[PDB]
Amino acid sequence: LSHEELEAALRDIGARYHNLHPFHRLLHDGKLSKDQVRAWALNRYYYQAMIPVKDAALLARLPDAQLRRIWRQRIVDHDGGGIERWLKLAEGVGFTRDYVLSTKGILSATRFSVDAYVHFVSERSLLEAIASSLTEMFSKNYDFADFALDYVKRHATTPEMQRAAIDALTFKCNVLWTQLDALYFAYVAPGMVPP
């Protein structure tokens, strides 16, 4: 209920966050094939390629110029810049720039979980939309955010709002969690899926 307990609860949900997912475990501890890392990169492009779609989706819902200016900074980071760093990693492990861009190869589950993220932000309430960035509280073995948290504290005024805040963060974690499930399903075990 208070700002620090509210925060304590949001962090605890981190301690559900995607570094615990088995697809991260492997990756982080040097154990995935190169095709497996490529797949990862190919799919994770689409997640990155839509963060600015998401922040612009959210910007239009902001009620004053002051809040828009601030949020706009995140659009500026990715469109440039951020998306461009991501292309380079996937070019970095062998993909033509044009193949990554067109999304031909990405998995339907990624596409849905990411497009789920875009629509939450535009359908759910502003407090929830803002609360779902807060995974940003939580962010070399192959030869080959304080504004959001202030915001939710001052605007989650009631118990219900407060749980929406918490629910919204879990939604975020699920979005991310299920990208990874798909990628494990498709590419580490058992290993299936059409185009």
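Residues carry their position along the shown sequence, with the first being 1.
Counting the unmodelled positions of the deposited sequence between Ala15 and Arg16 gives a small gap of 1 to 3 residues. Per the record, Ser139 and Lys140 are separated by 10 or more deposited residues that are missing from the model.
For the pair 87 to 95 and 69 to 77, the mean Cα B-factor is higher in 87 to 95. Look at the mean CA B-factor for 147 to 155 and for 50 to 58 in the entry; the higher one is 147 to 155. Sort the chain's modelled residues by C-alpha temperature factor and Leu42 lands in the lowest third, per the entry. Ranked against the other modelled residues of its chain, the C-alpha B-factor of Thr135 as given in the entry falls in the middle third.
Per-chain ranking of the deposited C-alpha B factor places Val175 in the lowest third.
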